[PDB]
Each structure stands twice: as C-alpha cells, then as structure tokens.
Amino acid sequence: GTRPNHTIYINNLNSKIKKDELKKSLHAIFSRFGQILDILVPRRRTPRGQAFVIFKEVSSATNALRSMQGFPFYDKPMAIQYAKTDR
RNA sequence: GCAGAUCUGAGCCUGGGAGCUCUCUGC
Ligand SMILES: [Mg+2]
Ligand SMILES: [Mg+2]
C-alpha cells in the first residue's frame with residue numbers, strides 16, 4: 001500500500017542506457033508536469049532499471065504518474081508507483 | 001563518515017529485484 005507524495009518510483013526501464021542519459025531523458029519527459037528537484041538512479045549489484053523522480057509539489061507527481069503510466073520510454077513501458085517514504 | 005563507481009570491480013541474499021556486504025576513486 002502507498003499514498004501520494006513528492007516522489008515516484010519507476011521500474012521496468014531499459015537497462016541498456018547509460019545512467020547519465022537516463023537522467024537527462026527522464027528530466028525532459030517528466031519536467032513537463034512540474035518542477036523536479038532531483039532524479040535518483042540508485043546503484044545496485046545488477047542493472048535493474050529502477051529510478052526515482054522527486055518533484056517539488058505532490059500535484060506534479062500525481063499527474064506525472066497517471067499520464068506516463070505504461071507510456072513507452074526507450075521502447076519499454078514504464079511501471080510507475082508512489083514512493084514508500086517521502087524524500 | 002559523506003559523495004561517486006560493475007550490461008565497463010566483486011562476494012552474497014532473492015529465484016516474480018524498492019535486499020545485504022565488500023572493494024576502488026575523491027573529500
Ligand atoms: Mg532474480
Ligand atoms: Mg574508502
């Protein structure tokens with residue numbers, strides 16, 4: 001179970017992309033919904049196509065989730081959820 | 001300790017990946 005907050009968690013991402021390019025791409029797509037504070041691509045033992053996007057306002061996160069839910073991104077559909085704990 | 005680093009460092013856990021530890025670099 002989750003509830004809305006500033007951050008959104010995205011998995012099922014193209015792991016063949018460089019971490020740098022993935023950040024710049026996510027910023028260009030999601031910044032349309034509002035102001036972004038930071039994008040976090042954590043380092044894991046294996047590439048698992050995970051990323052976080054932290055907006056300044058929750059409204060930006062709610063609209064970003066609904067809109068890009070399942071929308072293609074680098075030939076793969078995005079699975080988006082809310083973050084467990086606020087950032 | 002903070003920050004970063006492996007489809008281009010590594011051992012585990014998991015076996016339907018929001019997990020643990022180590023190592024390297026900078027401070
Ligand atoms: Mg597995
Ligand atoms: Mg050290």
# chains A, B, ... in the order shown; residues from 1 in each chain; ligands from 1
call {"tool": "interface_residues", "arguments": {"of": "chain B", "to": "chain A", "cutoff": "10 Å", "atoms": "only C-alpha atoms (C1' of nucleotides)", "output": "PDB file with N, CA and C atoms (P, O5', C5', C4', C3', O3' and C1' of nucleotides), in the first residue's frame"}}
result
ATOM      1  P     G B   4      25.748   9.639  -4.613  1.00  0.00           P
ATOM      2  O5'   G B   4      26.883   9.179  -5.633  1.00  0.00           O
ATOM      3  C5'   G B   4      27.201   9.980  -6.761  1.00  0.00           C
ATOM      4  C4'   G B   4      28.507   9.575  -7.398  1.00  0.00           C
ATOM      5  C3'   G B   4      28.584   8.160  -7.944  1.00  0.00           C
ATOM      6  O3'   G B   4      27.929   7.995  -9.188  1.00  0.00           O
ATOM      7  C1'   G B   4      30.542   8.625  -6.723  1.00  0.00           C
ATOM      8  P     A B   5      27.259   6.582  -9.556  1.00  0.00           P
ATOM      9  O5'   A B   5      28.502   5.648  -9.912  1.00  0.00           O
ATOM     10  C5'   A B   5      29.408   6.006 -10.945  1.00  0.00           C
ATOM     11  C4'   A B   5      30.571   5.048 -11.024  1.00  0.00           C
ATOM     12  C3'   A B   5      30.218   3.569 -11.089  1.00  0.00           C
ATOM     13  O3'   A B   5      29.838   3.138 -12.385  1.00  0.00           O
ATOM     14  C1'   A B   5      31.914   3.895  -9.486  1.00  0.00           C
ATOM     15  P     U B   6      28.702   2.012 -12.561  1.00  0.00           P
ATOM     16  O5'   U B   6      29.500   0.637 -12.474  1.00  0.00           O
ATOM     17  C5'   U B   6      30.498   0.311 -13.430  1.00  0.00           C
ATOM     18  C4'   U B   6      30.631  -1.180 -13.611  1.00  0.00           C
ATOM     19  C3'   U B   6      29.368  -1.919 -14.025  1.00  0.00           C
ATOM     20  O3'   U B   6      29.137  -1.842 -15.423  1.00  0.00           O
ATOM     21  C1'   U B   6      30.461  -3.095 -12.268  1.00  0.00           C
ATOM     22  P     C B   7      27.732  -1.324 -16.006  1.00  0.00           P
ATOM     23  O5'   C B   7      27.183  -2.575 -16.825  1.00  0.00           O
ATOM     24  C5'   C B   7      27.054  -3.843 -16.202  1.00  0.00           C
ATOM     25  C4'   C B   7      26.570  -4.897 -17.167  1.00  0.00           C
ATOM     26  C3'   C B   7      27.485  -5.209 -18.340  1.00  0.00           C
ATOM     27  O3'   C B   7      28.552  -6.076 -17.998  1.00  0.00           O
ATOM     28  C1'   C B   7      25.263  -4.967 -19.113  1.00  0.00           C
ATOM     29  P     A B  10      33.150  -7.828 -11.958  1.00  0.00           P
ATOM     30  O5'   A B  10      33.254  -8.276 -10.431  1.00  0.00           O
ATOM     31  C5'   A B  10      34.323  -9.100  -9.991  1.00  0.00           C
ATOM     32  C4'   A B  10      34.294  -9.321  -8.498  1.00  0.00           C
ATOM     33  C3'   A B  10      33.138 -10.142  -7.951  1.00  0.00           C
ATOM     34  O3'   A B  10      33.307 -11.537  -8.133  1.00  0.00           O
ATOM     35  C1'   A B  10      33.479  -8.240  -6.586  1.00  0.00           C
ATOM     36  P     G B  17      12.022 -10.261 -10.042  1.00  0.00           P
ATOM     37  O5'   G B  17      12.522  -9.872  -8.580  1.00  0.00           O
ATOM     38  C5'   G B  17      11.711  -9.091  -7.710  1.00  0.00           C
ATOM     39  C4'   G B  17      12.480  -7.930  -7.131  1.00  0.00           C
ATOM     40  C3'   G B  17      12.523  -6.677  -8.004  1.00  0.00           C
ATOM     41  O3'   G B  17      12.622  -5.522  -7.172  1.00  0.00           O
ATOM     42  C1'   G B  17      14.712  -7.465  -7.678  1.00  0.00           C
ATOM     43  P     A B  18      11.329  -4.648  -6.798  1.00  0.00           P
ATOM     44  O5'   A B  18      11.923  -3.516  -5.847  1.00  0.00           O
ATOM     45  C5'   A B  18      13.267  -3.071  -6.011  1.00  0.00           C
ATOM     46  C4'   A B  18      13.699  -2.145  -4.902  1.00  0.00           C
ATOM     47  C3'   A B  18      13.625  -2.735  -3.494  1.00  0.00           C
ATOM     48  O3'   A B  18      14.667  -2.190  -2.681  1.00  0.00           O
ATOM     49  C1'   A B  18      12.198  -0.860  -3.637  1.00  0.00           C
ATOM     50  P     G B  19      16.211  -2.493  -3.023  1.00  0.00           P
ATOM     51  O5'   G B  19      16.828  -3.039  -1.658  1.00  0.00           O
ATOM     52  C5'   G B  19      15.994  -3.500  -0.605  1.00  0.00           C
ATOM     53  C4'   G B  19      16.657  -4.594   0.197  1.00  0.00           C
ATOM     54  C3'   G B  19      18.139  -4.416   0.491  1.00  0.00           C
ATOM     55  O3'   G B  19      18.403  -3.533   1.568  1.00  0.00           O
ATOM     56  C1'   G B  19      17.756  -6.612  -0.276  1.00  0.00           C
TER      57        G B  19
END
call {"tool": "residues_near_ligand", "arguments": {"ligand": "ligand 2", "cutoff": "12 Å", "atoms": "only C-alpha atoms (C1' of nucleotides) and all ligand atoms", "output": "count of residues only"}}
result
10
call {"tool": "residues_near_ligand", "arguments": {"ligand": "ligand 1", "cutoff": "9 Å", "atoms": "only C-alpha atoms (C1' of nucleotides) and all ligand atoms", "output": "JSON, numbers by chain"}}
result
{"B": [14, 15, 16, 17]}
call {"tool": "write_last_selection", "arguments": {"atoms": "N, CA, C and O atoms (P, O5', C5', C4', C3', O3' and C1' of nucleotides)", "output": "PDB file, in the first residue's frame"}}
result
ATOM      1  P     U B  14      18.021 -16.913  -0.002  1.00  0.00           P
ATOM      2  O5'   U B  14      17.045 -16.115  -0.975  1.00  0.00           O
ATOM      3  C5'   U B  14      16.124 -15.167  -0.459  1.00  0.00           C
ATOM      4  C4'   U B  14      15.556 -14.290  -1.547  1.00  0.00           C
ATOM      5  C3'   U B  14      14.926 -15.011  -2.728  1.00  0.00           C
ATOM      6  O3'   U B  14      13.608 -15.459  -2.460  1.00  0.00           O
ATOM      7  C1'   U B  14      16.335 -13.278  -3.514  1.00  0.00           C
ATOM      8  P     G B  15      13.162 -16.956  -2.841  1.00  0.00           P
ATOM      9  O5'   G B  15      13.198 -16.971  -4.434  1.00  0.00           O
ATOM     10  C5'   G B  15      12.524 -15.967  -5.185  1.00  0.00           C
ATOM     11  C4'   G B  15      12.864 -16.043  -6.653  1.00  0.00           C
ATOM     12  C3'   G B  15      12.488 -17.357  -7.337  1.00  0.00           C
ATOM     13  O3'   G B  15      12.090 -17.103  -8.684  1.00  0.00           O
ATOM     14  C1'   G B  15      14.811 -17.006  -7.535  1.00  0.00           C
ATOM     15  P     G B  16      10.535 -16.961  -9.057  1.00  0.00           P
ATOM     16  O5'   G B  16      10.313 -15.388  -9.188  1.00  0.00           O
ATOM     17  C5'   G B  16      11.165 -14.595 -10.008  1.00  0.00           C
ATOM     18  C4'   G B  16      10.524 -13.278 -10.368  1.00  0.00           C
ATOM     19  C3'   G B  16      10.478 -12.246  -9.245  1.00  0.00           C
ATOM     20  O3'   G B  16      10.582 -10.932  -9.793  1.00  0.00           O
ATOM     21  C1'   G B  16       8.276 -12.778  -9.908  1.00  0.00           C
ATOM     22  P     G B  17      12.022 -10.261 -10.042  1.00  0.00           P
ATOM     23  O5'   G B  17      12.522  -9.872  -8.580  1.00  0.00           O
ATOM     24  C5'   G B  17      11.711  -9.091  -7.710  1.00  0.00           C
ATOM     25  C4'   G B  17      12.480  -7.930  -7.131  1.00  0.00           C
ATOM     26  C3'   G B  17      12.523  -6.677  -8.004  1.00  0.00           C
ATOM     27  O3'   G B  17      12.622  -5.522  -7.172  1.00  0.00           O
ATOM     28  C1'   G B  17      14.712  -7.465  -7.678  1.00  0.00           C
TER      29        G B  17
END
call {"tool": "closest_residue", "arguments": {"among": "A:58, A:13, A:28, A:36", "to": "residue 70 in chain A", "atoms": "only C-alpha atoms"}}
result
A:13
call {"tool": "atom_distance", "arguments": {"atom1": "CA of residue 56 in chain A", "atom2": "CA of residue 33 in chain A"}}
result
10.8 Å
call {"tool": "residues_around", "arguments": {"residues": "range 20-25 of chain A", "least_positions_apart": "2", "cutoff": "9 Å", "atoms": "only C-alpha atoms (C1' of nucleotides)", "output": "number ranges by chain"}}
result
A: 14, 17-18, 27-30, 39-41, 51
call {"tool": "write_last_selection", "arguments": {"atoms": "C-alpha atoms", "output": "tab-separated table (two decimals), in the first residue's frame"}}
result
chain	number	residue	atom	x	y	z
A	14	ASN	CA	15.69	-0.01	-20.38
A	17	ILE	CA	21.02	3.05	-21.20
A	18	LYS	CA	23.84	4.93	-19.53
A	27	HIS	CA	14.07	15.11	-16.80
A	28	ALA	CA	12.91	16.16	-20.28
A	29	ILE	CA	9.82	13.94	-20.12
A	30	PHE	CA	8.62	14.49	-16.55
A	39	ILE	CA	16.40	12.28	-10.23
A	40	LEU	CA	17.97	9.32	-8.41
A	41	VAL	CA	19.22	6.27	-10.30
A	51	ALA	CA	14.78	5.26	-10.85
call {"tool": "residues_around", "arguments": {"residues": "residue 68 in chain A", "least_positions_apart": "3", "cutoff": "10 Å", "atoms": "only C-alpha atoms (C1' of nucleotides)", "output": "PyMOL selection string"}}
result
chain A and resi 29-30+63-65+71-73+77-80
call {"tool": "select_by_dssp", "arguments": {"residues": "range 16-80 of chain A", "states": "helix (DSSP H, G or I)", "output": "PyMOL selection string"}}
result
chain A and resi 19-33+58-68
call {"tool": "residues_around", "arguments": {"residues": "residue 2 in chain A", "least_positions_apart": "2", "cutoff": "10 Å", "atoms": "only C-alpha atoms (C1' of nucleotides)", "output": "JSON, numbers by chain"}}
result
{"A": [4, 5, 81, 82, 83, 84, 85]}
call {"tool": "write_last_selection", "arguments": {"atoms": "N, CA, C and O atoms", "output": "PDB file, in the first residue's frame"}}
result
ATOM      1  N   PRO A   4      -0.057   9.202  -2.002  1.00  0.00           N
ATOM      2  CA  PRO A   4       0.677  10.177  -2.818  1.00  0.00           C
ATOM      3  C   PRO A   4       1.742  10.916  -2.021  1.00  0.00           C
ATOM      4  O   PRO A   4       1.607  11.139  -0.815  1.00  0.00           O
ATOM      5  N   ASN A   5       2.808  11.301  -2.716  1.00  0.00           N
ATOM      6  CA  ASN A   5       3.874  12.113  -2.136  1.00  0.00           C
ATOM      7  C   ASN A   5       4.718  12.668  -3.280  1.00  0.00           C
ATOM      8  O   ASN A   5       4.443  12.421  -4.459  1.00  0.00           O
ATOM      9  N   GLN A  81       4.992   3.932  -9.618  1.00  0.00           N
ATOM     10  CA  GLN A  81       4.278   3.904  -8.351  1.00  0.00           C
ATOM     11  C   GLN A  81       4.696   5.116  -7.530  1.00  0.00           C
ATOM     12  O   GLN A  81       5.598   5.869  -7.907  1.00  0.00           O
ATOM     13  N   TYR A  82       4.028   5.300  -6.396  1.00  0.00           N
ATOM     14  CA  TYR A  82       4.470   6.285  -5.423  1.00  0.00           C
ATOM     15  C   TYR A  82       5.569   5.696  -4.540  1.00  0.00           C
ATOM     16  O   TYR A  82       5.692   4.477  -4.383  1.00  0.00           O
ATOM     17  N   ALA A  83       6.373   6.581  -3.963  1.00  0.00           N
ATOM     18  CA  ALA A  83       7.444   6.156  -3.076  1.00  0.00           C
ATOM     19  C   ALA A  83       6.887   5.773  -1.710  1.00  0.00           C
ATOM     20  O   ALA A  83       5.889   6.328  -1.241  1.00  0.00           O
ATOM     21  N   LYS A  84       7.546   4.802  -1.074  1.00  0.00           N
ATOM     22  CA  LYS A  84       7.104   4.346   0.238  1.00  0.00           C
ATOM     23  C   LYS A  84       7.275   5.439   1.283  1.00  0.00           C
ATOM     24  O   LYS A  84       6.385   5.657   2.114  1.00  0.00           O
ATOM     25  N   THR A  85       8.409   6.132   1.260  1.00  0.00           N
ATOM     26  CA  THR A  85       8.681   7.217   2.190  1.00  0.00           C
ATOM     27  C   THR A  85       9.010   8.480   1.405  1.00  0.00           C
ATOM     28  O   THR A  85       9.633   8.416   0.339  1.00  0.00           O
TER      29      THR A  85
END
call {"tool": "atom_distance", "arguments": {"atom1": "CA of residue 87 in chain A", "atom2": "CA of residue 75 in chain A"}}
result
28.7 Å
call {"tool": "select_by_dssp", "arguments": {"residues": "chain A", "states": "strand (DSSP E or B)", "output": "VMD selection string"}}
result
chain A and resid 7 to 11 36 to 40 51 to 55 72 to 73 76 to 77 79 to 82
call {"tool": "write_last_selection", "arguments": {"atoms": "C-alpha atoms", "output": "mmCIF file, in the first residue's frame"}}
result
data_model
loop_
_atom_site.group_PDB
_atom_site.id
_atom_site.type_symbol
_atom_site.label_atom_id
_atom_site.label_comp_id
_atom_site.auth_asym_id
_atom_site.auth_seq_id
_atom_site.Cartn_x
_atom_site.Cartn_y
_atom_site.Cartn_z
ATOM 1 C CA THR A 7 8.445 11.151 -5.238
ATOM 2 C CA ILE A 8 7.601 8.466 -7.805
ATOM 3 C CA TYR A 9 9.324 5.084 -8.178
ATOM 4 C CA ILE A 10 9.805 3.736 -11.710
ATOM 5 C CA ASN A 11 10.953 0.228 -12.627
ATOM 6 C CA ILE A 36 11.876 18.483 -10.475
ATOM 7 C CA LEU A 37 14.296 18.640 -7.544
ATOM 8 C CA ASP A 38 16.434 15.591 -8.356
ATOM 9 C CA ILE A 39 16.402 12.282 -10.228
ATOM 10 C CA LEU A 40 17.966 9.324 -8.412
ATOM 11 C CA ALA A 51 14.782 5.258 -10.853
ATOM 12 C CA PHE A 52 13.227 7.935 -8.652
ATOM 13 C CA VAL A 53 11.862 11.363 -9.588
ATOM 14 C CA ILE A 54 11.365 13.931 -6.820
ATOM 15 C CA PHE A 55 9.033 16.841 -7.566
ATOM 16 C CA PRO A 72 6.671 3.832 -23.725
ATOM 17 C CA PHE A 73 10.146 5.010 -22.758
ATOM 18 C CA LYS A 76 9.743 -0.166 -22.852
ATOM 19 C CA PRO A 77 6.561 0.658 -20.903
ATOM 20 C CA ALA A 79 5.705 0.891 -14.389
ATOM 21 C CA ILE A 80 5.276 3.846 -12.021
ATOM 22 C CA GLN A 81 4.278 3.904 -8.351
ATOM 23 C CA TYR A 82 4.470 6.285 -5.423
#
